[PDB]
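One chain follows as structure tokens, the form deposited in one PDB entry.
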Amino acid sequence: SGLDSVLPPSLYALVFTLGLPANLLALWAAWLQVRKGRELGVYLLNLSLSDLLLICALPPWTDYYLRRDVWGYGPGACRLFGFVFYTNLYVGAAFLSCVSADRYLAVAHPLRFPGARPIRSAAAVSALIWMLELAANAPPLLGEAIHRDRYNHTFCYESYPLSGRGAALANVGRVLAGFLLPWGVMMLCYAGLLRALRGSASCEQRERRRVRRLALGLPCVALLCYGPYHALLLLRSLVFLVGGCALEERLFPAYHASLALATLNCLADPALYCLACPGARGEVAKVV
């Protein structure tokens, strides 16, 4: 260790300093357009709620990392903190994918979507996603999560190395079903959105290009945030499932910097889905 005394501390500090008011503003904007029959607003609201949950769970981890990886809050509390953090981290990606699929359906099939009480179906899908992610992260909750090591760290909810192929398969599945399934759906939906309006007589070149930047570049932001973490996770899980203590000692600060860069997608979501959107930043621009 050694870099977790400074870097993830400062990223978490920036997140708790800016994203929390930003996520509150995005939540208010999303709720404002839920009132107007919209069914993008429910996904945006749930995304902002998940981001707020992760942001408020961040600073126990801030202390954790800035005190040279030590846990003193209690064996019971790290279960809850890791559960909230690692569940919001995947729920965010799921709801980005849902927003992408919703936009693709609305644009490519305008005369057939959404139509029939759009708030109810979207709320049902949101609840189903929450249930599925909660079930996915329940097996980690069943845990001996607090770990004492010889080298004066005493982690919780993490282990170096992994344990007996089990957490390794769990991590491989977590990667391939909480990322690259939602990210893959999001990328395909945005590509289909940008290919569906190839033929529209009304959209000019100026307003085709901004849709192009959004469709190819919002998934890029999501990947650039959530990607290094899951790539490193899959790398460790595959190496343990093909290295000794040298490999993990080499990619350890990479792993705990990729986690911070992954939680950095709690500033981008409120920004890219409230301020970048002209509609939201007409209502959520100055609460006072």
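Note that the rigid core is defined as the largest set of C-alphas that superpose within 1.5 Å between two forms. Just count from 1 along the sequence shown to find any residue number.
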Task: Between neighbours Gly243 and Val242, residues that the deposited sequence lists but the model omits - done: 4 to 9
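Unshown form deposited in another entry; subsequent notes refer to it.
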Open item on the list: Please determine whether the C-alpha atom of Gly192 is displaced by 2 Å or more between this form and the one not shown following superposition on the rigid core.
Closed with: no
Open item on the list: Tell me whether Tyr90 is among the residues that move between this form and the one not shown (Cα shift of 2 angstroms or more, core superposed).
Closed with: no
Task: Rigid core superposed: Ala136 CA moves 2 Å or more between this form and the one not shown - done: yes
Open item on the list: Having a change of 3 Å or more in the C-alpha distance between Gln33 and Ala280, I'd like to know whether it is closer or farther in the other entry than in the form here.
Closed with: farther
Task: Shift in CA distance, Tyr273 and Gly217, in the other entry relative to the form shown here, given it is 3 Å or more - done: closer
